[PDB]
Structure formats: C-alpha cells, structure tokens
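Student: Below are the structure tokens for one structure; questions will follow.
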Amino acid sequence: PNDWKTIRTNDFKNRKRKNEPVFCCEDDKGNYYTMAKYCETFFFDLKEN
RNA sequence: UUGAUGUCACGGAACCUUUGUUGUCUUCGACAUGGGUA
C-alpha cells in the first residue's frame, strides 16, 4: 500500500490463539514484508510537577 | 594655469630576496527493525 495509515492486519502469527497479528505483503521485486506490530502507544497522565 | 637672458628630469629599471610544500594502501561482513504477550 502507498499509505501507511491504510495498512491493516492481514493474518495472525499464532492462528490458534488469535493473537500476534501479522501483515504479510510482497512488492514487485523478490521481497517479502512481515510486520509484527498492530498497536501504537498512548501517552496519558502528563505530569507538570 | 606659467614668466622669460639660464630646467641634462629621455638625470633615476619598483629594483632586490622566499620550492604550493607536507601527511593518508580506492580500501571493505554482520546485521537491520520495535515491540509483542499478559
């Protein structure tokens, strides 16, 4: 995909437990892309003291 | 812009002295990546 925001989960590394999502993909050349990230980080409770 | 019976100024070489020098093998292997799980 051209947009990183449009990348969605396509598979699971451990299909038994429905965990560890993986987005398998391929490009024009002989390259295979495996992603093991599906959650970002949310910062909260900012401290000014 | 001179002064007058007296100007060798063609009477005088910008001349003389200082090294772009010194130092460097066109060489070559370990990663890259950030979480995910609970």
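Each chain in the structure tokens gets a letter, A, B and so on, in the order shown; residues start at 1 in every chain, and ligands are counted from 1 in the order they appear.
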Compile the residues of chain A that lie within 12 Å of chain B, evaluated using only C-alpha atoms (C1' of nucleotides), and express the compilation as a list in words.

Tutor: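 Every residue of chain A that passes the 12 Å test is in residues 13, 14, 17, 19, 20, 21, 22, 33, 34, 35, 36, 37, 38, 39, 40 and 41 of chain A.
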
Student: By how many Å are CA of residue 9 in chain A and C1' of residue 31 in chain B apart?

Tutor: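 Going from CA of residue 9 in chain A over to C1' of residue 31 in chain B, I get 27.1 Å.
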
Student: I need the strand (DSSP E or B) residues of chain A per DSSP on the backbone, written as a ChimeraX atom specification.

Tutor: /A:11-14,19-22,25-26,32-33

Student: Suppose you want the space between CA of residue 31 in chain A and CA of residue 7 in chain A; what is it in Å?

Tutor: 17.3 Å

Student: Separation of CA of residue 5 in chain A and CA of residue 26 in chain A, in Å?

Tutor: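 Atom-to-atom, CA of residue 5 in chain A and CA of residue 26 in chain A are spaced 17.6 Å apart.
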